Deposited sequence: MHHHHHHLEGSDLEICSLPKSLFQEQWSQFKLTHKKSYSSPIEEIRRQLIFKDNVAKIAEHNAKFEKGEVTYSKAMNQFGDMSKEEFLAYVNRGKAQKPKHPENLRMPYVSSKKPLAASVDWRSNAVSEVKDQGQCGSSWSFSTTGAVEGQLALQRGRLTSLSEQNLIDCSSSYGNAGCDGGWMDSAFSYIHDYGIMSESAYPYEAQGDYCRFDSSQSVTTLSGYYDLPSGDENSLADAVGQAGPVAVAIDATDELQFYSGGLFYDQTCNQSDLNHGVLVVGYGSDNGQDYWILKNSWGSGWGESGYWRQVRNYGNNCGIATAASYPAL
């Protein structure tokens, strides 16, 4: 049994892979092989200190860069907005909401619904931090119910649009309204609404300091980034993406902290690709590095 065969076997087992057909499995095996090489190539660079972050196999191992890009692009989005007022306080050196203001890392699966996870995480952060009780919230509720707000379920949506939905209706717990990774019928039941929202704050576009201010002073902030294939196998370390821009946003996530690691400013972001991706589902990305991948381009957080 070759190393590769064992890697492939571990990949399929670990990631619960049962392909639609033998040919599909064979084609995926080859993609996986290619990905293993790309990861190894990247990690060679990492060990040489030519990159600050490592890559590792994850459940996207069997996806090509094109499929991965289609995946992150699939969820591109197609009153209640309150203006952010910057606290005007010194930026806390470092903030990390992971111990107390974040739900479990979730997995949007094969559904372009990152917007809904970004939404629930931001609301969850506010429930934790404003109400003193974190309840993991239902993305499905948002997916099934907020289409008239401009959201398109597994084909994209917008955190602010979801926040407005929550304002007009509410949001049930993840538990009460579990994630299906597919569009389904709205089964929102207001008696089970964990919370509504009074509105939300859009943070000044591209302003990483305002984002940091909000992260420290309000809590986890919903952001949309330009996810590129660089993220596909991000494993650990300070991520930076030389391939993304700040404007072509396609992926809603959650900034759950920031700090500085040996002089290098970073954001801590929560993804929705499961805990097998990145640093247990989170990643650190360069902060104050030209708003890398548009982290602070479309940042918002809700007011309960």
Non-modelled portions of the deposited polymer sequence, in sequence order: 1 to 19, 98 to 103
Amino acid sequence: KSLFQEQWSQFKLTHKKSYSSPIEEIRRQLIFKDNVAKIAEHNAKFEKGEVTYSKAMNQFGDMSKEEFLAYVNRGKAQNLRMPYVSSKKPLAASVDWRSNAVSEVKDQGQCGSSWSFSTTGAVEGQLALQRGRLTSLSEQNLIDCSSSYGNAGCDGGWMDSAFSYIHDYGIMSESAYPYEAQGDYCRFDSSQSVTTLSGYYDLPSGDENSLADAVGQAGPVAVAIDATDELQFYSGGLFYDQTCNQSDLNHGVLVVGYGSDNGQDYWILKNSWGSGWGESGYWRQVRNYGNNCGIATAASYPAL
From here on, numbers count along this sequence of modelled residues.
Greater mean Cα temperature factor according to the PDB record, 26 to 34 or 259 to 267: 259 to 267
279 to 287 versus 15 to 23 - which carries the larger mean C-alpha B factor in the record: 15 to 23
Out of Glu124, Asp226, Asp229, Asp168, residue topping the C-alpha B-factor column of the entry: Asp168
Highest-ranked of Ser138, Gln192, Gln108, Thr119 once sorted by CA temperature factor in the record: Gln192
Lowest, middle or highest third - CA B-factor, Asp184: highest
Third assignment of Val253 from its chain's C-alpha B-factors: lowest
Chain-relative CA temperature factor third for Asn43: highest
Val102 by Cα B-factor - lowest, middle or highest third of the modelled chain: middle
Third of the chain's Cα B-factor distribution that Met57 belongs to, per the entry: lowest
